[PDB]
Amino acid sequence: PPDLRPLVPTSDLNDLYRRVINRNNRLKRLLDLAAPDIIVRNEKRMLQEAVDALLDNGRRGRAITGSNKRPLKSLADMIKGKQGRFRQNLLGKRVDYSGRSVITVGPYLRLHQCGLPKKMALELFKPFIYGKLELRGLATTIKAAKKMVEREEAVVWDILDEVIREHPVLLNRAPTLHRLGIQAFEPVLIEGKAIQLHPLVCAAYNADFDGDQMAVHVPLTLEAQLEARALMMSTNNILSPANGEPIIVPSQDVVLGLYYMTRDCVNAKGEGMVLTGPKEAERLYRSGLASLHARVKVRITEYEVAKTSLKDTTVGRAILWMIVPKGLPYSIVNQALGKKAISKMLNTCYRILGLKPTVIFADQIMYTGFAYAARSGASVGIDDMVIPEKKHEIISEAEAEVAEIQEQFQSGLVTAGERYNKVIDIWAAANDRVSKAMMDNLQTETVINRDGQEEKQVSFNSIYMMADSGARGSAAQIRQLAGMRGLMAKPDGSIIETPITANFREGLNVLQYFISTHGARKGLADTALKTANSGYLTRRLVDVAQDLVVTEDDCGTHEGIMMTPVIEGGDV
Amino acid sequence: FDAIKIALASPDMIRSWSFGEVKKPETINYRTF
Amino acid sequence: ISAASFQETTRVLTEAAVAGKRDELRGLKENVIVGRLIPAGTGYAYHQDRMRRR
Amino acid sequence: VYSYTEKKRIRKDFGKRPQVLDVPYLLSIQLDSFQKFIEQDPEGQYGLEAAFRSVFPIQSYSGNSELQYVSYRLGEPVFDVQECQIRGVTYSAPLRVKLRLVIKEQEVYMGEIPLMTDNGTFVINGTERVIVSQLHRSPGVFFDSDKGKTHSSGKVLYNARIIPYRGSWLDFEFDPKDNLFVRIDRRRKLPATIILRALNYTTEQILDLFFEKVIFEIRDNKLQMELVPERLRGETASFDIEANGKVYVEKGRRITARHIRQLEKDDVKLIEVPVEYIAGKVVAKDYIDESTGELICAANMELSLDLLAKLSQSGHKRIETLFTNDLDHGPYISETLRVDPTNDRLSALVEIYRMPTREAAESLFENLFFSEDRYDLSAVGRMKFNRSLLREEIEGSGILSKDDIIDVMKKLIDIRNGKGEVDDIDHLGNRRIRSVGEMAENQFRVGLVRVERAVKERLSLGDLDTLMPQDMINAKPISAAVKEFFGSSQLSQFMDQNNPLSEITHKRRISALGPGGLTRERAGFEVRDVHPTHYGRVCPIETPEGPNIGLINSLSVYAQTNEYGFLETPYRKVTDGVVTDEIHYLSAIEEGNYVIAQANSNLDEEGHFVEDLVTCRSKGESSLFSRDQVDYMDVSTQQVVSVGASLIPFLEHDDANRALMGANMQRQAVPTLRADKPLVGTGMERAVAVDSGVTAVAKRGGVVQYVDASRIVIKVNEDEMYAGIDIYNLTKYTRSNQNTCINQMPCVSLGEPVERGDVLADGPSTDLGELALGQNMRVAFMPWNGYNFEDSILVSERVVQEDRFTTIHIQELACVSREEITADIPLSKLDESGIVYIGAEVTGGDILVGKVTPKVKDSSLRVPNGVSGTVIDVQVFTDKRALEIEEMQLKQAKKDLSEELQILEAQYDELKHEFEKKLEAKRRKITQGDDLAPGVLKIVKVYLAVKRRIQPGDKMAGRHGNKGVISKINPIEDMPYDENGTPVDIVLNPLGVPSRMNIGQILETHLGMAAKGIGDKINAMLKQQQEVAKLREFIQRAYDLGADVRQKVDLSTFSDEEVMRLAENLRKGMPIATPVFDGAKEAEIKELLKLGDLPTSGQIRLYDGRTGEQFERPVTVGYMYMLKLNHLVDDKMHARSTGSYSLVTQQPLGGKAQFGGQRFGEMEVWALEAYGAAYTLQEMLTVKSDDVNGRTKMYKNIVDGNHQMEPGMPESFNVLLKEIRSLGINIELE
Amino acid sequence: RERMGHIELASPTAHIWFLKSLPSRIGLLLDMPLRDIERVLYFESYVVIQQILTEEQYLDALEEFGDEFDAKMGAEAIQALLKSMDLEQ
RNA sequence: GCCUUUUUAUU
DNA sequence: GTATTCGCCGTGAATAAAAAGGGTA
DNA sequence: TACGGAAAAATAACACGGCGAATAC
Ligand SMILES: [Mg+2]
């Protein structure tokens, strides 16, 4: 049809259709004047090639190209591939009542809420404004209701907050390589044209606040709004579909505010005093007479029915007891509460307490882990971590250890392959020796006199608080930070013989930073290219498994497979 | 609809879809739209 | 319909035209492209009543 | 010893090792590559003369007429640089060539080339777009290999690639069947016999050139073989070799290397050999009988007992055959002779024709490689052709000769047996640079051969009665071939010019995309990674990650493009262990042979190394060498970084994972309306502004007479003049390519003398010669009650108040009037002419330019919502608004020429009259008809600007890569505040340093805290009004810290009024330069903290904003350099409820200009159906887009108050239903 | 947007989707591979209405077996061969 | 009222 | 008849912005 | 006011499985 290939003030298909009808009209001009056999076999071949170029391109004797060197789009080129109807116009249909902007943190709002802008949600809910105007009787038409929106007077926003008071709104990342890329929210009207995506579901989106611009969607009808509240809401999306661990994991900052509280320090302000309950520790800390971490004895009331015992609990862990629900035990709270530790704390609250005390608990973790992170002051600086004194002696020993290995190769003691495996052997052993020497200078370095003997306790360095918790830094990432980063890989796959002797605190060398980029730019070229393969793997995995739907409750078959865990490794 | 059947296009089925026959290779007029 | 969206639209549409292959409206990629209720949500209950109608 | 523009804002360098070589011209790969393209040089190596002497003389086939060429000339362009940026005319001077008609000369103009400005870019269609260089495959012999599991199947593969500058690719690939196959243009592979038989070679001439020949002799026994001393290496035989009763090789045992040297002293040319050892070999030689002349044996056949018995009746004693081996000489060439169907010469050319007459097949192979028009190799294409084959000379013919094909086959057996090494495509010697003047030489030669074929057809019908050269060559294909390359092409990239760093890095951008290079989405994995040979030439930092990483990579600071095209960087030659002052440019081939030491080494006053074992590299990998064994040394500490990566401070302290993300965002910073210098920067920061063309650089030095923001005049001194004075028209608030403001503010006062190298007016995002991409805010690396869950930024209200990050975005609203200019619709922003005047505060959704159609319906354009602001200027060119610019430019010409003549007055009638005729010459070039698009009478362009205010949503980051947006407008009372009272301006997440090694943003923050604290004490000494001499001692003491600074400035050379004006620029803070690898240590910043009133520790205790309590852990405050990016939330927010739909399918549109319909995508359908949202997914693709009968019934249902969805037939599937029904495939619905 | 059009061609045309597919729908019906089923379509060879004969074998076929068999080229001979063969046979 | 290429840029 | 290599063919993420170009005399 | 398509282009030339076709044994 002509609306399927419309002219515009020249297309890539109607000019291809001119190649076919010109060949069709010339064959009608050959039959009436009795054309010879030589000229009709050549004209029928170009007529056959015109239909071969119209219905397809790329499968012929030669693919037809346009005047501007680009390959011309045939009827097959607009039905297959990314530019076909099946991917661009049947699976990738553009969506009205739906916007797109960058995402923000938004710590004051709840888990089921987010932040929609004023002029953005007014443009997304534009017929929803017109429905409420004709319902009350302010503008009982469609022409003057458009004038009320574009004038932006005071009565438009009071109508708007009634519509968006409990309306579900789908927040959607533009790459969704996971199930949790589309989550619903109940937004409130804010200033600023950015959406306030919740930090608890920020790990569920697998997308940090690095300036990523992503979509947003709304359901119009009431049967689609209940799909967003019962299935797509962020409240009932606690557990991941992949594993039993919850996808709502505190990643960087709220876990950092939890880790500064749950700590033990000697010679603190208010050490060894009694407290009436967990709520008195908020009175104990906000007045400022006692520290956030001090070994005291607070009274707590544990449930499953209420039991009471006076156990050793610091001031920061006593803030957590007003945050947890009743039936949550204390034995999961008494640890240091790192990111790997509070992944089971959110899982045990989902297990025995239920989902209804989980949303309030997860929101009050984010309220406490953010507000006390301001009072924490956990930062990064050149005075926080320190190059250990054993590092300068290990590097001087390792540079002296490669001197006798190189002199053995000149005399002819070892071969080329035996020397290459020996330099990596004595450097990775030196990389592990400098890893433990840097670790003890961050674990048991700074001491405070607790009115007596100098006891060995856990250091309060902010780099180790982000390392032991497993929040954003691992055991190998702080190894590259304060100590040497170790052996770097070549682009083909081999290892550099001489690794970086220095570290990032005093700066690398020119060649040391150059061989550091041999694994960093390689890993970033690995990252930017495997997302084209895993994105193709995402399409290959769904398109074969989209037919499989659960359809029966019970069948009656006893057939199955035998389950055995991983045993071939050394440790389970 | 409950099902979609795909088969070969008959010469009578192609003319059944079309309401008219086109004879001109040029799309529109050059002077006016 | 679910096979033509994946790849080989020039091939698998020729495999289905010469063989019939009248699909019975089952699958999720088909119901997305033909634009109706998904049989893997609350539309499965619509598909459960649709088998009760037919 | 310092310049005049450096005395106002002198900046301390923290480099321990001094730079013995100053920074060269940053546009040397762009200007000097194109400067040789313009001038008429007598040589034909580099420039446009290489394109003219290769095509001309044009000799027709039997036409007896020749077209001779003598010279070419470029005249002045019809417009200047400033007129083409607003009009749309291509900045291109008419190029006129003198052509001689011999069996009559005229300087005939054929086409126009886009001329290069002082910035280094071209103006094609009113936009600043420059072609960029190419990291493509160098023309020559490339030995490749794919080991492991890529096309191996249990065997190693060796493919040899001979690629030209242009023509047909020639490949020699192996197989698991161990047979050399030749590949031309990646087609069906042919055997290696017919590619050698096409060079007039017989069958016997192939084997002796690629193998060794052994001599045989017949005696009373069966046969004897002459022993060759170069054949026993790796020879395992079951029989024993004897020589005159002496046993050398044991039977059935692998011999060691002792028998090789023992046999060399007793060389015997005859041994005894059994009859079964020779039958396994090939004969490789034809023989003709003497009796009847019949062929005894065929060509390349295996011997047997019957074939060896025919040698006695033939009568020849010498048998010339080969020697087979598995490690010395590979027999894979001899096995290919049984694979090919034919062995003749005439029957092999028709196989290339199928790759079928005799004349067409012979002329095809001669035009494939032997001809110079199709196949061509330049001096660089023959350099790699001779270096990879280890030839004697480097110069040679462009064609592949008869002896050049057999020489690459000898090297292919050497790399197969292990005698020669295999090359790699990631080597910088194997990556030629198609520069600006090199690609303009070829694309003009594309038009030069399109008109060569035009005159080969026109001269046949010409009467030759002294014909004019005007109608011989046509102006259409010569001009369009240059406009297709400089316009819509892969190399003509859209140059983003919001900040001058992106203007310089786009000139030094090496993009492998193009017709000669590989594309981005289909590239292999090995080309994306960085090779160890990238030391000094191409940086590994500046790569735009995403769809194209590794192909596009910036060129370094000191890297230069050779006349061949290979990349070199200057090294300091070390003679007898002592480095010298002179430099030596060495390529990537000479880098592997030479032992080049590293720049980061402590040197004495003489030039010796203080260590016995210094760090070094030879092939790129890290190693250790002595101070005497090294040959060269790096000339500076900015070798491996580019001009965009060098501006990032503490790059040794910064991670390579994050600096790759850091400099990509630095090339898209928007110019702030107030330019505040970087408190922590590099010595390169003074060099980017003086090398960029958007910053006003004075051509001649001297004092100034009238300093205005519109134009600055400079009184030229007596030595700088040749007279008069020069003028510099500053581009104030013009539109750039990315809809961003460009304005040139002056930096000098009245009566300020400047030199030649000084800056008289800073450009956009620049102040006093220092590039100011952003503003130094008080960054506190701490979370505050949320807002820092990730690396986003919490900003102050003070930043919103003092306009510290608000930028200006000047958008273009063009009006195509095919359509009267009158605004008679069936307002206050118009001057009764249909055109908006200058300075109207428009709002999104009103009429801007009235355009009605003759019928009367209104179909004009309007301003979209969200870009409401004032108009800079409305450029009307081809009615009352059109003559306003025509009188404004007349008064601008009456202000430019009248100021020019009045200086030389203080005979006279002739010097005044010559400027009057130049005024009318400038008048005629303005009021003339501008070249526009056909079909319209005039086009009006509206430079509509909008003050982009900082708000939650604007992407802001540092130079290190702290990627994030603004959390909220946090007020000034809520931010944390130090003991002196000043609150912080940026509250930032400190949890990036656990993720990546981003401590360099804290070394910048700690140095920025020290530089602001010194600048606070200078501001304290200026508010108290202390003595000028006591103010000098504080600056002299401040510039003396460090181990050994390379500046070593003296404040006694500065005057008393000079140091008083110095403290005015030092009031906001102390400008401090730190190198990327020769930077300040951890102890030098703590020593700098002892100078100020703040303590030595990097973190200091301070109270909370909303709480008022002192933190138990001190946070690291400081003036870290932050910059606002180009991704703003005013442009990256698009919302659509209902709007115009597409015409192909009934679906919404893309882009904010097309009302912003959000595309769902195939990846988000599966995330929507995962939860079981059947009612939502059915809405998301039918009611939103497909159901045209449904979306109007839905729009009548939502306004009714009923949220009810009806099931309908999707028209987007009806789009798909007609596509299959348009083919010969039946499809229907049941 | 729903109404379509058709053209009446003077010669029949073979479908390119069913030809260049793997396996060929036209090639499996005429029990020929891909190489010879496109030589008769682009008028380089002739088939009878089977065996494949080139253009130089057509001048001798009309004077030897011209009255027994008739041969054509293009998709008209392909359509006449598909009209000659039967599905059940 | 658009569509398709190419380039830049983002996740 | 049974492999076996190869010519050609399927695929090579997702999403926002700008530019020309939309047949040649 | 006409034909739309051919041969030259002094074209652009990728990589990892796959399906069927034309050979060697
Ligand atoms: Mg991100």
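Residues numbered from 1 in each chain as written, not as in the entry; some residues may be left out. Chains lettered and ligands numbered in written order. Part of a larger assembly, values for the part shown. Heavy atoms only, no water. Residues with missing side-chain atoms left out of burial classes, pairs and counts.

Deposited coordinates in this entry are attributed by the record to cryo-EM, at a stated resolution of 3.58 Å.

Asks: Teacher, can you tell me more about the overall build of chain B here?
Replies: Helix and strand counts for chain B come out as 1 helix and 2 strands. Ordered by position from the N terminus, the helices and strands of chain B form the series β-α-β. The dimensions of chain B, computed from C-alpha atoms along their principal axes, are 45 × 20 × 15 Å. Within chain B, the proportion of its 33 residues that are buried is 24%. Total accessible area computed for chain B in this model is approximately 2,600 Å², and 56% of it derives from carbon and sulfur atoms. (Helix = DSSP H or I, 4+ residues; strand = E, 2+ residues; numbered from the N terminus. Buried < 20%, exposed > 50% of the residue type's maximum accessible area, 1.4 Å probe, protein only. Areas by Shrake-Rupley, 256 points an atom, 1.4 Å probe, with all protein chains shown as cover.)

Asks: Quick question: what am I supposed to make of the protein's contact with DNA strand G here?
Replies: Surveying the vicinity of DNA strand G reveals 40 residues, the closest of which are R18(A), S67(A), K82(A), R87(A) and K1152(D). Among the atoms of DNA strand G lying within 4 Å of the protein, the sugar-phosphate backbone contributes 81%. Contact between DNA strand G and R18(A): a base oxygen at 2.7 Å from a side-chain N or O atom of the residue. Within the contact set of DNA strand G, a sugar or linking oxygen lies 3.5 Å away from a side-chain nitrogen or oxygen of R100(A). Of all elements in the fold, only α1 (14-31) and α19 (510-545) of chain A together with β49 (1158-1159) and α28 (1162-1168) of chain D reach the threshold of two or more residues within the surface near DNA strand G. Of the residues that constitute the surface near DNA strand G, the class distribution is 6 nonpolar, 12 polar and 22 charged. (Near = heavy atom within 4 Å. Polar contact = N/O pair within 3.5 Å; in protein donor to acceptor, adjacent residues only side chain to side chain. Nonpolar A, V, L, I, M, F, W, Y, C, P; charged D, E, K, R; others polar.)

Asks: Is there a simple way to think about a nonpolar patch on the surface in this case?
Replies: A cluster of nonpolar residues, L7(A), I28(B) and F33(B), forms a patch on the protein surface that exposes about 350 Å² of accessible area. Note on placement: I28(B) falls in the segment after β2 (18-21). Here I28(B) falls in the partly exposed class, since its relative accessible area comes to 41%. (Patch = residues over 30% accessible without salt bridge, like charges linked within 9 Å, V, L, I, M, F, W, Y side chains within 5 Å. Salt bridge = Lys/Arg side-chain N within 4 Å of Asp/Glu carboxyl O.)

Asks: What is the right way to read the interface of chain A and chain D from this model?
Replies: How big an interface is tends to be stated in terms of the accessible area lost upon association of its parts. Each partner contributes to the interface: chain A provides 152 residues, whereas chain D provides 151 residues. Take the side of chain A that touches chain D: its biggest share by element is 21 residues, from α19(A). Pairing of strand β1 (residues 94-95) of chain A with β49(D) involves 2 bridges; the strand directions are antiparallel. Bridging from a neighbouring strand, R94(A) pairs with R1159(D) of β49(D). (Contact = heavy atoms within 4.5 Å. Pairing = 2+ DSSP bridges.)

Asks: So what exactly am I meant to see when it comes to the protein's contact with DNA strand H here?
Replies: Neighbouring DNA strand H are 35 residues, the closest being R23(A), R26(A), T150(D), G167(D) and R453(D). Of what DNA strand H places within 4 Å of the protein, 54% of the atoms are sugar or phosphate. Within the contact set of DNA strand H, a phosphate oxygen lies 3.1 Å away from a side-chain nitrogen or oxygen of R374(D). Take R522(D): an N or O atom from its main chain is 3.1 Å from a base oxygen of DNA strand H. Among the elements that take part in the surface near DNA strand H, α1(A) stands out by supplying 6 residues, more than any other. Counted by class, the surface near DNA strand H contains 9 nonpolar, 6 polar and 20 charged residues.

Asks: Honestly, the pairing of strand β9 (residues 158-163) of chain D in this entry has me stumped. Any pointers?
Replies: Two faces make up the sheet, and in a regular strand the side chains alternate between them. Residue and element names in this part refer to chain D. For β9, the buried fraction is high: 6 of the 6 residues fall into the buried class. Of the two faces of β9, the one lined by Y158, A160 and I162 and the one lined by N159, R161 and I163 are each fully buried. Two strands pair when backbone bridges link them, and strand β8 (residues 140-145) and β9 are joined in this way by 6 bridges, in the antiparallel orientation. Counterpart to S145 in the pairing with β9 is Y158. The antiparallel hairpin formed by β9 and strand β10 (residues 170-173) contains 6 residues in its connecting segment, where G167 sits at a positive phi of about 135 degrees.

Asks: Honestly, the sheet that holds strand β5 (residues 105-114) of chain D in this entry has me stumped. Any pointers?
Replies: In a beta sheet, neighbouring strands are held together by backbone hydrogen bonds and run either parallel or antiparallel to one another. All names here are of chain D. Ordered in space as β2-β3-β4-β5, the 4 strands form an open sheet in which the pairing is antiparallel. Two strands in the sheet have a free side with no partner beyond their single neighbour: β2 (58-59) and β5. Pairing of strand β3 (residues 66-74) with strand β4 (residues 92-102) involves 8 bridges; the strand directions are antiparallel. Each bridged residue has a counterpart across the sheet, and for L67 the counterpart in β4 is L101.

Asks: Can you help me understand the environment of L133(A) in this one?
Replies: Residue and element names in this part refer to chain A. Mapped onto the elements, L133 comes out in helix α5 (residues 126-136). You can call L133 buried: its relative accessible area is 2%. Counting along the chain gives 23 residues from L133 to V156, while the straight-line C-alpha distance between them is 9.2 Å. Every residue in contact with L133, bar those within four places of it in the chain, is listed here: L138, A139, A145, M148 and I159.

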